[PDB]
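# Overview (structure and organization)
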There are 2 protein chains.
Amino acid sequence: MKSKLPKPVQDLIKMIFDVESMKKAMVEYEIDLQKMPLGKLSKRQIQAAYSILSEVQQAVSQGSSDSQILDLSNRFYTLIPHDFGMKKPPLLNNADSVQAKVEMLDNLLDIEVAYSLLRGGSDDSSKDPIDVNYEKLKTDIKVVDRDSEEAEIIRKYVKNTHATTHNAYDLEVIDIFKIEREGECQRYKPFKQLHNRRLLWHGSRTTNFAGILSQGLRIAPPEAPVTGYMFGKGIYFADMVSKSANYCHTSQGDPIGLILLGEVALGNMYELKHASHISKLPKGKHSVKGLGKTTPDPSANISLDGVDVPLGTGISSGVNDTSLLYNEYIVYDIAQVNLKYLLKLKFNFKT
Amino acid sequence: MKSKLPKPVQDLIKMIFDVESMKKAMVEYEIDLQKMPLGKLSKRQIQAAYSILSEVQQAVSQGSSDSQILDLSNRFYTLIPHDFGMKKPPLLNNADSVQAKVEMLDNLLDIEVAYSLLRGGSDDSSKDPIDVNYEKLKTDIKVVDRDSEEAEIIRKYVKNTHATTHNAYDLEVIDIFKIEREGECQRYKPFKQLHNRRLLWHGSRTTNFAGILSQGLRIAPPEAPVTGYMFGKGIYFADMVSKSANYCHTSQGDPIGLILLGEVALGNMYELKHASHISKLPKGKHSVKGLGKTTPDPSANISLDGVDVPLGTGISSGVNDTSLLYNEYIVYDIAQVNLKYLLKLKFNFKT
Ligand SMILES: CN(C)CCC=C1c2ccccc2CCc2ccccc21
């Protein structure tokens, strides 16, 4: 037999469970596949890499030992064998290169999760590869009818909240999905009637979604460095679709992007303007909001599900002083999130 | 007519007002005294630079390339011209670049005042150069007696809290001064009975004190960038004496230094492990305490003026994954500072 699932859902399955995507991703980070193939990648290898980053974090603040900073930077490339050709490997000596690497490792973690879930579970040849992988995702994925007003709303969300400055592309909705991950309905219960609930985007690289649908969105591991993530070890969302759409890291080769809508229990937002690395919040606040100059228009806010959907146009909130152009909201407890809709998108680049 | 004041107070006045020390301190910041002499300084000149730093802060955080950020780095040097040997103008393009040039302007502002005071007054050849300048400070400086228990309290507090990581030099007390700025006790009235009030170290470069005694301690202006300081714009402190003493920035060429002892209404503390650039606390909080790896023994505290004087030996606090070797405290409200003692110290080096 062959799969009897909806056709766009099948396409989605072959997208996130894609080997050549995974091998290509490691090459984008200029990694030696001969010394380190996809098979020999592991979970703790990365945890160790994270500790190397945590080491450098401490090394910079806790005194001035720039000698060691090299030896650890060099040790990183030993841990994760790269192949730049003739070019110099970028020195890990500051906040930029630190931040740079954690994002890779976060992706590497998700690829290990994906390939482990691919080789995980059961051998059943009499079924189809698609049905098998679907059942491994632990997620009911329904195609949303493009008529349904929720779709129209979703379109009006994306349509308006494309920011002007991110001019390199423009967007359109290929496929929408009503995902339901097993357990998250119960996990989200304690924050269900917490005040100030907003539907927000989470953008991510195609392949990660295998891990993002099986295990949900997670906080960085204990090994990870807090300085590597601007606001710290939480989970990052945006109200503008373009902001998250950049975190799809779409290319000319890979123009199709996946992005999520998610119900987040924010409540009392620790309103901030600049970087502030932290593991936990003060007694009172339940989340952070990085305030940006541009923002979705507040008068155009609405309520589907009894939840806020700010889909107004980008307007200049009179925000004196900020490192961020656009807004972003961050919660630091994984239960505070409930995922709703997954959107396959098309990035048509300009010339 | 010669002065009525004590010898120690006279040598103190001279030291801070020594113009040649100011001229000298500006050279350490690579300032060109041809294009930017001491006389040609002004308040807005420096505040204009702060705005341009604040503009780079964003340029840096958003990863604008070396060809783009070029213009902003030269814009800064345009305002404040520098003496670069025979070099090309060094590119300002990271956190430290900012942090370094931020701590510069602080001084430039504090030095401006000193030069502004020497000149902004009435001269009189009959009256003493010193006494006239003592008037300018608006401070009732009194020489502490060597025996009085308060002297012996300070001696031990200084004696014990010299950190092992800063042992390249070793300090000894020369002079101690009980001080009271005019009106400063009026400012403290609301906070004088607040819970958790401590006496803490605050050491700045010799040349700044004129402005500190005149204006009181000060937070950075509105124009300044928040990312120039580890915990944003405020009033920093320390419970370890060597830590604060390092910002006197003494050397073999200038082994004389000054350092303060201010009462601080910490109250409810927002404890933190890592860099958190802010200009406003979470509600309920009054001060910030950086969680140090090392702490003055909790059981070795005593009361003077009903204030918590922390003068124990150095021990491990028992904190994992922190960026601070020792506690540094930051209040974000001028009103929560009251100055009590100013010490003159010889920095005896191990050359
Ligand atoms: C003139 N006044 C306002 C100086 C402020 C106080 C300090 C200081 C002193 C002791 C411990 C920490 C800090 C914080 C950092 C810092 C950086 C540069 C210059 C001074 C300072």
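Residues numbered from 1 in each chain as written, not as in the entry; some residues may be left out. Chains lettered and ligands numbered in written order. Heavy atoms only, no water. Residues with missing side-chain atoms left out of burial classes, pairs and counts.

This entry, as listed in the PDB, derives from X-ray crystallography and reports a resolution of 4.0100 Å.

What follows covers the site of the ligand. Residues in contact with the ligand, as listed here, are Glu103(B), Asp110(B), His202(B), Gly203(B), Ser204(B), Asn208(B), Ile212(B), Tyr236(B), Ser244(B) and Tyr247(B). Class assignment for the residues of the shell around the ligand results in three nonpolar, five polar and two charged. (Near = heavy atom within 4 Å. Nonpolar A, V, L, I, M, F, W, Y, C, P; charged D, E, K, R; others polar.)

Glancing now at the sheet that holds strand β7 (residues 287-290) of chain B. Residue and element names in this part refer to chain B. With respect to topology, four strands assemble into an open sheet ordered β4-β13-β7-β6, the strand pairing being mixed. At either margin of the open sheet sits one strand with a lone partner, and together these are β4 (235-236) and β6 (269-272). Two elements, β6 and β7, share four bridges in a ladder whose sense is parallel. Bridge pairing in β7 places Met-269 opposite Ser-287. (Pairing = 2+ DSSP bridges. Helix = DSSP H or I, 4+ residues; strand = E, 2+ residues; numbered from the N terminus.)

Glancing now at the domain arrangement of chain A. All names here are of chain A. Split by domain assignment, chain A resolves into domain 1 (14-119) and domain 2 (138-349). Taken over C-alpha atoms, the centre of domain 1 sits 26 Å from the centre of domain 2. Together, the buried faces of domain 1 and domain 2 total about 2100 Å²; carbon and sulfur atoms form 60% of this surface. Interface area lost by domain 1 to domain 2 is led by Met-15, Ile-16 and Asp-110, which between them contribute 27%. In this assembly, domain 1 and domain 2 are joined by two salt bridges. Here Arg-218 makes a salt bridge to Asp-110, at a shortest N to O gap of 3.1 Å. (Domains from an automatic or database assignment. Buried area = accessible area lost by both parts, 1.4 Å probe. Salt bridge = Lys/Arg side-chain N within 4 Å of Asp/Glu carboxyl O.)

What follows covers helix α6 (residues 129-136) of chain A. Residues and elements named next belong to chain A. With six of its eight residues buried, α6 lies for the most part within the structure. Looking at α6, one finds that the buried residues are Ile-130, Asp-131, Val-132, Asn-133, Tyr-134 and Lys-136. Where α6 is buried, its residues contact α1 (7-16), α5 (95-119), β1 (139-143) and α9 (209-214). Positive phi shows up at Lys-138, right after α6, with a value of about 60°. (Buried < 20%, exposed > 50% of the residue type's maximum accessible area, 1.4 Å probe, protein only. Contact = heavy atoms within 4.5 Å.)

Residue and element names in this part refer to chain B. Among the secondary structure elements, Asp-128 is positioned in the loop between α5 (95-119) and α6 (129-136). One buried charge, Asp-128, has no salt-bridge partner; the nearest side chain with opposite charge is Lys-14, at 9.2 Å. In this view, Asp-128 contacts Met-1, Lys-2 and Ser-3; residues no more than four positions away in its chain are not counted. (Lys, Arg positive; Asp, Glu negative; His and termini not counted.)

Each side of the interface is counted separately: chain B has 20 residues, and chain A has 19 residues. Here the side of chain B that touches chain A gets three residues from one element, more than from any other, and that element is helix α3 (residues 43-61) of chain B.

In this structure, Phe76(B), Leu105(B), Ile179(B), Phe237(B), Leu261(B), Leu342(B) and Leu343(B) are the most contacted members of the largest nonpolar core, which totals 86 residues. Summarising the domain contributions, this core has at least three residues from each of domain 1 (7-136) and domain 2 (142-349) of chain B. If we skip the residues at most four places from it in the chain, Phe237(B) touches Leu200(B), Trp201(B), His202(B), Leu217(B), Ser244(B), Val264(B), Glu328(B), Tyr329(B), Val331(B) and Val337(B). Formed by 79 residues, the second largest nonpolar core is a distinct cluster that contains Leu92(A), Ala151(A), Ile154(A) and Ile179(A). (Core = buried A, V, L, I, M, F, W, Y, C linked by side-chain atoms within 4.5 Å.)

What follows deals with the side chain of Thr206(A). Residue and element names in this part refer to chain A. Position of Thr-206 relative to the elements: it lies in the loop between β4 (197-204) and α9. For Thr-206, a relative accessible area of 10% puts it in the buried group. With residues near it in sequence (within four places) discarded, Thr-206 still touches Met-15, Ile-16, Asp-254, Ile-256 and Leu-258.

Now for the pattern of salt bridges. For the coordinates displayed, the defined rule picks out 25 salt bridges over all chains. The residue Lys350(A) makes a salt bridge to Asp170(A) at a minimum N-O spacing of 3.8 Å. Of this pair, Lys350(A) sits in the segment after β15 (348-349) while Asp170(A) is found in strand β2 (residues 169-170), placing the two residues 180 residues apart along the sequence. The closest approach of N and O atoms between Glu328(B) and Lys243(B), which form a salt bridge, is 3.2 Å. One end of the pair, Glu328(B), is in strand β13 (residues 328-331); the other, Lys243(B), is in helix α10 (residues 241-245), and 85 residues separate them in sequence. Looking at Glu328(B), the relative accessible area reads 10%, which means it is buried. The network of salt bridges with shared partners includes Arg197(A), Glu263(A), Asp305(A) and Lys340(A).

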